[PDB]
Amino acid sequence: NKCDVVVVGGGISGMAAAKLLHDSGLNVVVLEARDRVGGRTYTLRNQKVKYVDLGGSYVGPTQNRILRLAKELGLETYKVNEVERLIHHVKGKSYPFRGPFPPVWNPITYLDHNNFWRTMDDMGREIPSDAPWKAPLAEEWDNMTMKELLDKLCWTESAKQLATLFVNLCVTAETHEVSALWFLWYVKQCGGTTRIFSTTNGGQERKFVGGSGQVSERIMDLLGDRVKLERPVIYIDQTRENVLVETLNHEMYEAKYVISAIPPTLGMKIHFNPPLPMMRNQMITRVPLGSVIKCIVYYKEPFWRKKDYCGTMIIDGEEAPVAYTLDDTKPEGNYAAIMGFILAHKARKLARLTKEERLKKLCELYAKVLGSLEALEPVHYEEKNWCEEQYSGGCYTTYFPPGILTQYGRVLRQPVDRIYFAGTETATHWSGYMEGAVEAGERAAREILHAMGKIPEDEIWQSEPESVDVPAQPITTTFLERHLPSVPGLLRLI
Amino acid sequence: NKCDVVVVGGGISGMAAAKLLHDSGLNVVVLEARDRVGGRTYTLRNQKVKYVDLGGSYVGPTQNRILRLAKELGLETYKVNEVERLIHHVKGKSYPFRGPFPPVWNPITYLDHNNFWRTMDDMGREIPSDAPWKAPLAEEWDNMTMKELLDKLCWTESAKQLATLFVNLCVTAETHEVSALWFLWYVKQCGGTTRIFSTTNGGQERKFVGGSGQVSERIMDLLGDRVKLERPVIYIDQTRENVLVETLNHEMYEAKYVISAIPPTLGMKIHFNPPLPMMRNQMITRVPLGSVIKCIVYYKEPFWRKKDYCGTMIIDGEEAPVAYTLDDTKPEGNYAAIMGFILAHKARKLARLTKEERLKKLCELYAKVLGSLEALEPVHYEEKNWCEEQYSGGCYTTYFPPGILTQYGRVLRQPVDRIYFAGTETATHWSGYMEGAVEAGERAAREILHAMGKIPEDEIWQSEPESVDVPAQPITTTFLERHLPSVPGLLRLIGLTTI
Ligand SMILES: *[C]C1=C([C])[C]=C2C(=[C]1)N([C][C]([O])[C]([O])[C]([O])[C]OP([O])(=O)OP([O])(=O)O[C][C]1O[C](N3[C]=NC4=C3N=[C]N=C4[N])[C]([O])[C]1[O])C1=NC(=O)[N]C(=O)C1=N2/[C]=[C]/[C][N][C]1[C][C]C2=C1[C]=[C][C]=[C]2
Ligand SMILES: *[C]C1=C([C])[C]=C2C(=[C]1)N([C][C]([O])[C]([O])[C]([O])[C]OP([O])(=O)OP([O])(=O)O[C][C]1O[C](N3[C]=NC4=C3N=[C]N=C4[N])[C]([O])[C]1[O])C1=NC(=O)[N]C(=O)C1=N2/[C]=[C]/[C][N][C]1[C][C]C2=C1[C]=[C][C]=[C]2
């Protein structure tokens, strides 16, 4: 019934907000639609896998908030296997390599690839993390899809194929689906192309021992009966002194303030009184989430390591169901496994098949790419298609089609009377990630603390000390990387 | 409580569906979120205006279903004023003209304008009305915005400016917001560029005497207490023998079948058990409605007619708040008025102003365009910003961003167990319009009649006899219009003669 703050959503962001408020001495209630917490994180446990992350999993350097929260809850990380060689598979052939990006030998192709990554970062330096609509060329870049930008930038099919895979992998959407401004912002606010794409020293460096679902689970443990499961929120009424929040099972909650910690578009599932302001009313119809199936194939041994392959595969082309894999073996070296993502249109196309049919296609692909018959003998399989989830809408996160970010972007975290907005989509650093979920939940919690006169305005946004366990190495470039001409640049010189 | 069919939504589509089912002898209930029926149609009545349509208003030749339904309800149409000259206002100057499209004198610009409209229709002929995703180049066209297509097609700024206005006016969205495949489908399924853009012999030919809101109102009168107002649906449960539908005010309805007659994205406001299939789950998050403010400025007399202007203005340029107007004077010649649309980004930009501020900007624009000081002396003003509507989401209709129609289009009207889908967005002829609302509502109703074994399969889709009151003249082209080269076409001819 009555409390200080109702938090709508028991994902990492909602849980992080509720914990901060609880620790500050306020009475909080979390209303969660599902019969579990964690949202876009979900750790499955069974005897065959021990544990496996079927949603969000990876953490890395510069993601200090999620690392701090997890450590406080008694969790530890381990390093994703990147000891041996990575593989770039292109035109039916595997090319092993070391370093974050697959190397290029043809001189013209080299210039084109170098210019592509460089230009993504160059453009990003003009985009404010907390206000991408304030970029000098915001409208020009927002009125273009990533497909148009890539068609302009990439003088080789080689670069365009890799750039396309990069987009698909980052935001689980097609290049023609997404705004160029939004995508460039997205990469920039994760620290740039090297940081986002790297395993060692990047976003995919580590996973949590025992799974990421433990973050939301352990906060639920701390909050006790304050978390209400199977309470989908249906109605928010702000016409009176206290805010009224109603659930599908007909419970009524009364609070001074509300935190909305759900994907922006899932705000549509709530009927508002009074109606939302015009801009938010339309915004929440314009912001879909991507499409992905996360698939984990289990083997008797991590056989790829014997061939000096780490398990990372970057796989070009339409025919391949999975464009990117990582070794998912446990740190102890057992429960050998390969994790792959079926991305964007392929998630939609391949969903028509059976689980067994998808397993077969993945095994035959992996056998090809790894050059190993052992890939054809899986011992177990787990998968999750996030497109089917009513209370997620997709994964990993919300994307912005052309024209939307400039017109509606500023309303994302703008309070509506006594409703404040959390959720990873509202973060300014690693938005889209578990890190962004923590940032946004704590920031939204502090907005309410300020509204209550409990903290000053300059404490709403708070810096985070660097993790001592996962220190960040700086991102470096070489002289030649910085100064070598693009393809059209070289032609000008000629 | 218990009935044969629950219809969710009391707009024209839901009301047409409910009426058909009722007439067939079934027990129907209509659950409507608002304190009124009509949805994206709304006729305001007061002493200053008598009546005025603030939402959907125009009907025309080839829209035979809405015309038949309205006639059966005792309604009549009248012709929108197009006796005098139209105005094209470009680069701060007005150019009066006659005919549906502004004439072009520059031979190069002429070729470019002629090729633009022609090519829109050429491309449209490759797109099946009932399955646009089956077009031979569906993926190529769907992966492009209308902005990209226009940049490719238009060799003059003049053509590109007019083409941009055309898109904004048709679908209340920016050219960079919308799929080229979807937009080309949208125009084709209204009968093409001439039919959609025309007043005389097109979509803007007529309005209903007394307002379009009367269609939904008079059906409510026929259905009596079967229409439940202020019953927003929150929950649909199909796990049991009969379908359970719950409302926000905690009422429960039980039915054999359900018709969803709401904008596709507004399906998000309903919690489903079991969850929707994956494709529909995601589709309903990918399909926004456009942005528009409909504004009506009232004057003592229709003074523009005295200067041989009909009241139609096509107004190019960023500075102009309104890009298109029509005479909204009553057929009796009184309550003189100009209707204008504030479109797409301008609906968002200008919403920041007060009502009085918007009135002032419109009057000063109209004074300039009509060359008339009388435009600065309004007697009344009415407006409606559809962007603010929780139970509409926007107007006129739903648009598809790049990539969506080919991936998700086929699920739009695919039944989900015992839920069938009406609403104008699911129509195949004048989708987006009141006509499409009628087509989709009656089609969805007949899908259920077939499911009940009451009619054969071949009766689900039904042709409509042409109106005797609003006959359709065919769309014609001239020999030169058909065969004159494009700009690049002419350049090829110059290339070959020089080679
Ligand atoms: C799904 C997914 C996947 C598959 C994967 C991934 C992911 C995901 N990611 C993302 C994450 O997870 C996120 O971000 C988070 O989680 C979010 O959080 P938040 O914000 O909190 O949200 P959520 O979860 O959703 O929650 C919400 C809640 O609420 C609820 N609801 C709803 N509605 C409602 C409710 N309640 C009441 N009422 C109502 N009405 C729900 O239910 C929930 O619970 C991620 N992240 C990270 O960090 N990491 C990771 O890993 C991840 N993942 C992914 C990744 C990938 N990566 C890749 C590889 C290579 C590369 C890449 C990228 C880039 C570059 C390279
Ligand atoms: C808004 C608007 C405006 C401003 C204008 C216009 C329009 C609109 N349009 C469109 C129409 O209106 C439509 O289509 C119709 O109406 C639709 O119907 P339906 O489908 O039925 O839908 P609605 O209405 O929306 O209804 C629904 C219902 O439901 C309900 N709900 C929700 N949710 C819910 C519910 N319930 C229960 N529960 C729940 N959850 C709601 O409330 C409702 O009621 C149009 N159309 C026609 O036909 N006409 C006209 O006029 C119109 N408009 C416009 C036009 C324009 N035009 C222009 C001029 C020149 C040109 C153009 C275009 C093109 C070219 C040229």
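Note that chain A carries Swiss-Prot numbering, so the residues on display, from first to last, are 3-496.
According to its header, this structure was worked out by X-ray crystallography, 1.9 Å.
Note that Cβ sites are derived from N, Cα and C of the backbone, with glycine treated the same way.
Under the heading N6-acetyllysine, Swiss-Prot lists A:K52, citing similarity to another entry as support. Annotation source Swiss-Prot lists site 'Important for catalytic activity' at A:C156, A:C365, A:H382. Feature annotation from Swiss-Prot assigns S-8alpha-FAD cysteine to A:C397; the stated evidence is experimental evidence.
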### Distance, A:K52 (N6-acetyllysine) to A:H382 (site 'Important for catalytic activity') (CA atoms, angstrom)
12
### Task
Starting from each candidate's C-beta and looking 10 angstroms out, tell me which of the recorded positions A:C156, A:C365, A:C397 has the most other C-beta atoms.
A:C397
## Note on the structure
Smallest Cα-Cα separation from the residue listed as 'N6-acetyllysine' among the recorded positions A:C156, A:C365, A:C397 is shown by A:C365
### Count of other CB atoms lying within 10 Å of the CB belonging to A:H382 (site 'Important for catalytic activity')
16
### Message
Suppose we screen the recorded positions A:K52, A:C156, A:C365, A:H382 by Cβ distance to ligand 1 with a cut-off under 6 Å; which survive, in sequence order?
### Response
none
### Summary
Per DSSP (helix/strand/coil reduction), A:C365 (site 'Important for catalytic activity') sits in helix
### Task
Run through the Cβ atoms and count how many others sit within 10 Å of the one on A:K52 (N6-acetyllysine).
14
### Length of the line joining the Cα atoms of A:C156 (site 'Important for catalytic activity') and A:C397 (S-8alpha-FAD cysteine), in Å
28
#### Entry: C-alpha spacing of A:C365 (site 'Important for catalytic activity') relative to A:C397 (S-8alpha-FAD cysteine), in angstrom
24
